[PDB]
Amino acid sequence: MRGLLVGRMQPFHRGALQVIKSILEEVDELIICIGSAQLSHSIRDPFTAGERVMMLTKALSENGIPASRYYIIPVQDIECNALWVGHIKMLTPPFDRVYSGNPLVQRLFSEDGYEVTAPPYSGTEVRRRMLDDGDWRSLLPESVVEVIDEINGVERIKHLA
């Protein structure tokens, strides 16, 4: 019983961590696809796929979730939405259910015959607070804040803006 979740994780926030835990209550393993793995250094997508892999890895580990319970797979975007589901399939282990609140992701997997569950704190809010010197830290697990400090994430986002 393997589920699949897709998200840009720009950056990985508390809400996403919560949803991952709830998901792990109903499936044995979870494939966590980091979408738009090719985008970085922009206002909407500040971090590279590798940096996000670290954010997810450190955060899940720090929250006690065993590494054997999930797969972290960066997935580049493609121009043709009609092939994106096949694109994901080709890069991942088999899965039974898909979790997403993204209308496009839901519709594509749904048309493909997959059971789509929408999940029961938004990157936008987080990146906006980093830019306006608001309180972004409280919206993220401490392990993630730590990675962002280590890679100079705020310094990057501010210079880009």
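In case it trips you up, residue 1 is the first one in the sequence shown, and so on.
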Inset, instruction - Using the PDB record, quantify the missing residues of the deposited sequence between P120 and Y121 as none, 1 to 3, 4 to 9, or 10 or more. - result: 4 to 9
Inset, instruction - Identify the stretch, either 90-98 or 111-119, whose C-alpha atoms have the larger mean B-factor according to the entry. - result: 111-119
Inset, instruction - Averaging only over Cα atoms, indicate whether 63-71 or 32-40 has the higher B-factor in the PDB entry. - result: 63-71
Inset, instruction - Specify which of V27, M55, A49, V105 carries the largest Cα B factor in the deposited PDB entry. - result: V27
Legend entry - Relative C-alpha B-factor of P11, binned into the chain's lowest, middle or highest third: lowest
Legend entry - Within-chain third of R2 by Cα B-factor, per the entry: highest
